Structure formats: C-alpha cells, structure tokens
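First comes the structure, then the notes that go with it.
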Amino acid sequence: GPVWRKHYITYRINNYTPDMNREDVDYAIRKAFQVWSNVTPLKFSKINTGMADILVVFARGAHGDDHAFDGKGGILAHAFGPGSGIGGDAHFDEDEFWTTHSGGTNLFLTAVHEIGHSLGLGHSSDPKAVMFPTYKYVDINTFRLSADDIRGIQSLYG
Ligand SMILES: COc1ccc(S(=O)(=O)N[C@H](CO)C(=O)N=O)cc1
Ligand SMILES: [Ca+2]
Ligand SMILES: [Ca+2]
Ligand SMILES: [Ca+2]
Ligand SMILES: [Zn+2]
Ligand SMILES: [Zn+2]
C-alpha cells in the first residue's frame with residue numbers, strides 16, 4: 001500500500017502519558033524510530049511545533065477517529081499508514097500503564113510495532129515478528145527485528 005516518498009520524516013509528541021517520566025517517553029519513542037532507520041534510508045526528527053508527518057498521541061476511549069479505545073487491556077495502540085492528515089499517526093491507549101521495563105506495557109516495544117504501521121507495514125502471522133498483532137514482552141536492551149520484519153520493511157524502502 002502507501003509509503004513515504006521522501007527520506008526526511010518528522011514526528012511530534014502531541015502529549016505525554018503521566019505513567020512515565022517525560023524524558024523516558026522521549027527516549028523510548030526515539031529508540032523505536034531508530035530501529036527502523038537502522039534498516040531503511042529514512043531519517044526521523046522530532047519537532048516541537050507545526051505539522052509533523054507522524055503525530056504520537058496518548059488518549060483513552062473515543063478520541064476523534066473511528067477507532068475508540070477499550071479501557072485497560074485488549075487494544076493497546078493503533079496507527080495509520082502513510083498519507084496526509086491522520087496518515088502516519090500513532091495512538092497509544094492511556095488506559096494502559098506504559099513503562100520503560102517489563103511491567104505494565106512497554107512503550108518502546110509497542111512503539112516499534114506502531115511505527116511499523118506508520119511506515120506502511122501490516123501485520124505478520126509469525127509470532128516471532130514485532131508486527132505480530134499480540135503483545136509479548138521481550139528484553140528491550142537486546143531487542144532485534146525478526147527476519148520477517150526486515151523482509152517486510154525492505155519490501156517498502158530501500
Ligand atoms: C508490539 O506492539 C503491539 C502493539 C499493539 C498490540 S495490540 O493493541 O494488542 N493489537 C492491535 C490490534 O490489532 C495492533 O496490532 N495494533 O497496532 C500488540 C502489540
Ligand atoms: Ca486498551
Ligand atoms: Ca500525519
Ligand atoms: Ca496510563
Ligand atoms: Zn486512534
Ligand atoms: Zn498492529
């Protein structure tokens with residue numbers, strides 16, 4: 001489907017979850033973008049004002065799209081593929097408890113997956129892939145994309 005047709009991509013953090021330290025949200029999101037810039041020609045920059053390609057939002061329940069959140073558990077996050085407006089945006093359910101670690105729901109791991117969607121990836125049927133639709137914590141310090149994830153993204157970029 002749709003892909004970004006340019007190499008310099010911007011993101012903006014709309015608002016911050018109270019679940020985490022501000023600096024930890026910034027770093028988790030930055031690291032998640034880095035996972036994908038590692039394996040593509042894309043470059044990501046955080047902007048603090050204006051219209052970004054990818055808007056990162058924390059919200060609960062109904063939040064202005066057709067995809068209301070469902071309280072704690074179930075749907076953790078969702079995102080929209082490349083395009084104008086809502087295209088590229090990544091939304092995280094504030095009814096989850098976001099963390100830097102194995103507790104609650106890990107923001108970095110979830111963001112890697114969601115940014116995958118923001119870049120145009122769909123779901124994998126392979127449980128080993130970060131793009132598998134089910135959340136399962138893995139050690140974030142040693143995290144690596146699966147072969148399936150790399151094949152997927154390199155079918156779109158580079
Ligand atoms: C590892 O990243 C994620 C991100 C979200 C989810 S999820 O919310 O439980 N499942 C949703 C619904 O299909 C999903 O894939 N959202 O992008 C599961 C794992
Ligand atoms: Ca939820
Ligand atoms: Ca957008
Ligand atoms: Ca929360
Ligand atoms: Zn949404
Ligand atoms: Zn998904």
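Residue positions begin at 1 at the first shown residue.
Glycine is no exception: its Cβ is also placed from the backbone N, Cα and C atoms.
DSSP assigns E114 (active site) to a helix. Around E114 (active site), taking its Cβ as the centre, 25 other Cβ atoms fall within 10 Å, counting all chains. Summarising the annotation, Swiss-Prot assigns active site to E114.
Around the Cβ of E94 (Ca(2+) 1 binding site), 19 further Cβ atoms fall within 10 Å across all displayed protein chains. Feature annotation from Swiss-Prot assigns Ca(2+) 1 binding site to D19, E94, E96.
Sequence-distant contacts of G87 (Ca(2+) 2 binding site), defined as residues of its own chain at least six apart whose C-beta falls under 8 angstroms from its C-beta, comprise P2, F80, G81. Classification of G87 (Ca(2+) 2 binding site) by DSSP places it in coil, neither helical nor stranded. Swiss-Prot lists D53, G85, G87, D89 with the feature Ca(2+) 2 binding site.
If you look up Swiss-Prot, you'll see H63, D65, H78, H91 marked as Zn(2+) 1 binding site. Over all protein chains present, the Cβ of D65 (Zn(2+) 1 binding site) has 13 other Cβ atoms lying within 10 Å.
Around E96 (Ca(2+) 1 binding site), the C-beta neighbours below 8 angstroms that are at least 6 residues distant in the chain are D19, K72, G73, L76, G104, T105. The Ca(2+) 3 binding site feature in Swiss-Prot is assigned to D70, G71, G73, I75, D93, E96.
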Cα-proximity to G71 (Ca(2+) 3 binding site), 10 Å cut-off, over recorded positions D53, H78, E94, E114: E94
Spatially closest candidate among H63, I75, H78, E94, the listed binding-site residues, to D53 (Ca(2+) 2 binding site) (Cα to Cα): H78
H63 (Zn(2+) 1 binding site) to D93 (Ca(2+) 3 binding site) - Cα separation in whole Å: 10
